[PDB]
Amino acid sequence: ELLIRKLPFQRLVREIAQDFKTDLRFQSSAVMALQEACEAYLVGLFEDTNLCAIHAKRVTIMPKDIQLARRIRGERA
Amino acid sequence: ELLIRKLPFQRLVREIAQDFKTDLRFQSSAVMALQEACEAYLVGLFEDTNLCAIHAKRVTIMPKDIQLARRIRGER
Amino acid sequence: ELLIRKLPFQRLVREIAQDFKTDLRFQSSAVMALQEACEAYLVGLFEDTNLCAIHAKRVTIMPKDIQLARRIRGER
Amino acid sequence: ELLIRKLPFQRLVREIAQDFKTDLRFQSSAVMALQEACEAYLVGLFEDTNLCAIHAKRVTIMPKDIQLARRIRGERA
Amino acid sequence: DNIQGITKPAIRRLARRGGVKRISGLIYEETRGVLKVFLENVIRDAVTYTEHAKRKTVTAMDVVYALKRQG
Amino acid sequence: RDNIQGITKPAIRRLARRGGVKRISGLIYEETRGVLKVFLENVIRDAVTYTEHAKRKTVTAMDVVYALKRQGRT
Amino acid sequence: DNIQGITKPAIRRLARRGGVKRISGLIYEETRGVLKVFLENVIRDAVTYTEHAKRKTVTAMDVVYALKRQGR
Amino acid sequence: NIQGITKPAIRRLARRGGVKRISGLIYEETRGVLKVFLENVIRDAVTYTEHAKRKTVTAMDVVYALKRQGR
DNA sequence: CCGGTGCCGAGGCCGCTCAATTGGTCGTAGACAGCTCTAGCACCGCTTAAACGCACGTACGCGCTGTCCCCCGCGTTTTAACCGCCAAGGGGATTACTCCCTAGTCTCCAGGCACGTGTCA
DNA sequence: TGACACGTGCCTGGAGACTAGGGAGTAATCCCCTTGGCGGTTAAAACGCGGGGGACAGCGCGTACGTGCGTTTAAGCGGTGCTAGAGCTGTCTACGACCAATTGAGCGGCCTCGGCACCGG
């Protein structure tokens with residue numbers, strides 16, 4: 001499908017977890033669940049950012065549009 | 001203090017209730033609670049619409065701003 | 001906006017209404033309201049029929065697809 | 001008669017209830033009510049999935065049939 | 001006949017907006033029947049509401065209430 | 001007239017001023033009223049459901065709080 | 001877990017009653033997920049009613065209100 | 001690391017999201033946003049793991065964790 | 001008291017999208033009059049926040065009654081799982097069809113709007 | 001009694017309908033590996049009965065407590081009219097920035113093996 005490549009994603013996941021905590025075990029079916037959720041989240045965020053961009057009489061989406069989406073959703077940003 | 005009057009708000013609430021179920025009596029602390037929640041909701045909606053307006057090159061709020069805010073909020 | 005011409009729709013609506021009741025008049029904003037609702041209903045139904053068609057090997061939508069969509073919606 | 005056993009159904013119901021609030025006790029007519037409603041829902045869903053399968057010039061049901069039925073009915077899928 | 005005023009290209013345009021790429025010839029008669037049924041049902045309810053209120057003028061609110069109560 | 005007209009224009013303007021809005025199109029007010037009306041209807045519908053469960057004829061403050069609590073707060 | 005108590009022959013029996021003649025192996029997991037979601041939603045509402053009445057035993061009326069308030 | 005989320009991958013996600021034109025600075029911005037998201041989710045997941053003390057994260061545990069993070 | 005799985009780490013041939021590069025086209029930043037509509041000020045108004053009098057329906061708490069849900073003993077008992085033999089079938093490929101989207105030409109009517117006439121709460 | 005609603009009428013430019021057209025999706029057909037269905041069987045979860053026991057649902061009843069209509073007023077907030085003045089915007093010039101297209105490659109993935117960690121049967 002349109003999923004991100006497994007091994008670089010896994011390496012990032014293991015790297016970040018190593019910074020959060022040490023020696024934790026993470027299984028394969030756990031990472032695919034996280035990846036489906038992450039890509040769904042990012043695709044939806046890009047949908048809303050695009051809607052904000054089109055609202056602004058533009059065709060190209062900007063970083064500030066993303067920041068607005070995160071501000072209106074109530075997320076700490 | 002509350003920025004919306006009491007008696008017209010109460011009348012509206014009672015009118016709507018009359019359609020869902022007839023012969024209902026409210027309570028004072030119940031209507032004030034409902035009114036505080038409603039006014040808080042509108043103030044918040046007005047903040048985001050204003051934020052959407054400021055985002056745009058315009059300076060005044062427009063109907064499309066309210067509609068944009070509610071779709072992105074996930075309410076409509 | 002609207003995707004169906006105003007005057008023929010109005011003529012059709014008044015004709016059908018005449019069989020329910022005699023000597024009735026309709027407001028303009030009432031007819032415009034009915035058209036927005038009608039077009040939204042048909043577009044949504046056409047969305048679902050297409051989804052049913054895509055589910056099948058044929059990309060093209062068929063009359064039997066609409067009847068399945070209406071049956072599954074619980075209308076008939 | 002009921003097509004699903006009471007006790008495995010009851011155990012599942014209690015497990016889900018246990019996460020909202022502990023120490024809750026259930027009533028017999030409450031579990032039987034939930035079971036009649038649940039089986040009626042599934043039997044109807046099985047009718048609709050089957051109708052979608054037969055529509056597709058097939059003989060058996062597929063996972064895509066369930067997902068299609070829920071989208072056209074109006075559930076989130 | 002007033003049902004024929006809902007032209008084939010109008011229904012096609014609605015269908016295009018619905019995302020369909022190819023359209024069978026038999027859809028049009030089917031669509032017309034469905035539309036007629038819908039209109040009949042809604043208007044039947046609308047007039048019912050009007051009569052209950054002992055009024056002679058169908059109002060915008062009558063239609064809105066009819067539409068709401070018909071899902 | 002209608003009860004919806006009892007939420008006057010200066011009240012909505014005052015709410016908007018507190019919300020930081022400096023200029024308001026004339027069509028905002030009617031638009032705001034529609035949104036508000038929908039919200040109130042939805043909340044009260046739930047409130048009455050709670051009232052019926054308690055076999056009471058008086059809607060209490062607790063009924064309203066639970067209705068508000070259940071509907072998604074964001 | 002207790003979700004595994006909804007055994008394969010029980011789901012098959014429900015499908016037979018629903019008019020199903022042949023059933024893919026993947027149906028069972030799909031059916032279980034749908035069923036679990038349904039149960040969660042209803043019970044969540046049911047317990048809410050129970051808590052409002054300040055009782056500790058879920059009553060038949062709690063379930064009926066939950067079912068009513070969950071449209072098809 | 002964060003650089004494994006390549007520019008063409010983010011572009012593909014945006015294409016699926018309906019975006020026609022993409023500013024060059026979005027990509028670095030998107031990466032930062034993603035990192036924050038991942039950190040938060042994993043923090044909760046490990047918390048659940050420690051409460052169970054199984055020390056092996058169950059796949060079902062993560063799905064519930066992911067669900068509650070979203071809502 | 002040992003174990004089976006699952007991840008960790010490494011080695012390896014292939015293999016294809018990515019970073020780099022150049023060529024290129026269009027979109028947004030600022031303005032400025034054209035045109036618009038909104039807050040401010042002044043007049044006039046009306047209705048509600050209060051406020052006890054009056055009558056009162058009932059929400060809530062305490063006590064009595066029963067009642068049924070939990071836990072265990074139990075036993076027999078009935079059906080769910082695993083595996084092999086059997087046969088039904090979903091799908092990709094091949095071949096033939098027909099009709100539906102493009103496009104041009106002919107035809108046709110919806111609306112501003114202007115006027116006149118009519119009506120019901 | 002008055003402002004909205006219905007029936008006629010002019011004229012054009014945008015919209016509807018028919019025909020010539022052809023190719024691509026649709027439909028019938030066959031192999032074939034894949035995969036549910038039936039059967040044999042045995043053992044492990046279940047249903048009903050009763051001790052047995054008490055937290056708790058439901059009913060009866062007393063009380064005061066806020067619910068609601070009613071009456072006075074009055075002044076502060078709301079509607080209406082005129083106005084000076086701030087605000088939305090299309091294309092003007094033009095500037096850069098992503099989109100298109102080509103290549104070597106290095107990490108992504110598959111096939112295989114040695115080895116450790118640990119709650120559990």
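General observations
- Spatially, segment G:54-72 and segment C:18-61 are offset by 36 Å when compared through their Cα centroids.
- Cleavage-rule hits (trypsin sites (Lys or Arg not before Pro)) in segment C:13-62: DSSP loop, at most 11 neighbouring Cβ within 10 angstrom: C:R25, C:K57
- Residue (of F:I12, F:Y50, F:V38) at the positive-pole extreme of chain F, dipole from beta-carbon charges: F:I12
- Gaussian network model of chain B, Cα within-10 Å springs - most flexible of B:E39, B:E47, B:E15: B:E15
- Rounded, prolate or oblate (a/c below 1.5 giving rounded, otherwise prolate when a/b exceeds b/c) for chain E by Cα gyration tensor: prolate
- Most mobile listed residue (F:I44, F:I24, F:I12) in chain F, GNM with C-alpha springs under 10 Å: F:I24
- Chain E, helix-only ellipticity at 222 nm - DSSP H runs n ≥ 4, -39,500 (n - 2.57), divided by all residues, nearest 500: -21500 deg cm²/dmol
- For the cross-link pairs F:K22/H:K7; A:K21/H:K67; B:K64/E:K56; G:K54/H:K67; E:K56/F:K69, the ones whose C-alpha atoms lie over 32 Å apart are F:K22/H:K7; B:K64/E:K56; E:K56/F:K69.
- Counting only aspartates and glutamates at least 8 places from F:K55 when in the same chain, those with an alpha carbon closer than 14 Å to its own are B:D23, F:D63, G:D62.
- Given charges at Cβ of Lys, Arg, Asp, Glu: chain B dipole, positive-most of B:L42, B:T22, B:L2: B:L42
- Comparing C:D48, C:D19, C:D65 in a Gaussian network model of chain C, where Cα atoms under 10 Å apart are tied by springs, the biggest mean-square fluctuation is seen for C:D19.
- Ascending count of other beta-carbon atoms within 10 Å, so fewest first, for D:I72, A:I54, D:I66: A:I54, D:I72, D:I66
- Take the Cα of H:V36, step 7 Å toward its Cβ, do the same at E:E40, and the gap between the two points is 5.8 nm.
- Calculated on the Cα set of the protein assembly as shown, radius of gyration then Dmax: 27.1, 83 Å.
- Inter-site label distance for G:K54 and F:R14 at 7 Å from Cα along Cβ, in nm: 3.7
- The Cβ shell under 13 Å around F:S25 holds other residues with a net charge of +3, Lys and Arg each +1, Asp and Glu each -1.
- For D:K6, the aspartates and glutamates whose Cα falls under 16 Å of its own Cα, not counting residues fewer than eight places away in the same chain, are D:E15, D:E36, D:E39, G:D1.
- Sorted fewest first by neighbouring Cβ atoms within 10 angstrom, A:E15, B:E1 come out as B:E1, A:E15.
- Label point distance in nm, F:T74-D:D23, each placed 7 Å from Cα along Cα→Cβ: 3.5
In this analysis, Cβ positions are derived from the backbone assuming ideal geometry, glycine residues included, and neighbour counts consider all displayed protein chains. Each reported figure results from applying straightforward, stated rules to the coordinates on display, with no laboratory input.
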